[PDB]
Amino acid sequence: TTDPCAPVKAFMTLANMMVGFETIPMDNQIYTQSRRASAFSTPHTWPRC
Amino acid sequence: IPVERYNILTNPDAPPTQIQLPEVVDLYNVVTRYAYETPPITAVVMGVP
């Protein structure tokens, strides 16, 4: 696919499946690791980790 | 015809937004007019997953 953010969705799908077993740090306190990979469609939503 | 009402038309030195509120009501001024819309929140933020 030719969307500008395919790898962040590829990472966050496994992170969504993996929550409860492995954790990752974040930038803020608003969002949680079980945030759906559909929502990461714009490059300001890329995780620093 | 009361000149003291039509301040904006009879005074070239007056700025366009110039009113005197307790004394008269001026009968003619600049008014702003909007075009905002108020759609439903369920239609502006989705939450599709």
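Residues numbered from 1 in each chain as written, not as in the entry; some residues may be left out. Chains lettered and ligands numbered in written order. Part of a larger assembly, values for the part shown. Heavy atoms only, no water.

- Per the deposition metadata, cryo-EM was the technique used to determine this entry, at a resolution of 3.6 Å.

### A few points about the environment of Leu-9 of chain B
- Tracing the chain through its elements places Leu-9 of chain B in helix α1 (residues 7-10).
- Placed 26 residues apart in sequence, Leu-9 of chain B and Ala-35 of chain B show a C-alpha to C-alpha distance of 27 Å. (Helix = DSSP H or I, 4+ residues; strand = E, 2+ residues; numbered from the N terminus.)

### Comments concerning helix α1 (residues 7-18) of chain A
Residues and elements named next belong to chain A.
- Along its 12 residues, α1 runs 17 Å from first to last C-alpha, staying within 8% of the 16 Å computed at 1.5 Å per residue.
- Looking only at α1, the buried set comprises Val-8, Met-12, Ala-15 and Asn-16. The arc enclosing the buried residues of α1, seen along the axis, measures out at 100 degrees, which places them on a common side. Along α1, exposed side chains directed more than 90 degrees from the buried face belong to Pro-7, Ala-10, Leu-14 and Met-17.
- Remark: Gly-20 follows α1 within two positions and exhibits a positive phi of approximately 95 degrees. (Expected span 1.5 Å × (residues − 1). Buried < 20%, exposed > 50% of the residue type's maximum accessible area, 1.4 Å probe, protein only. Arc of directions from axis to C-beta.)

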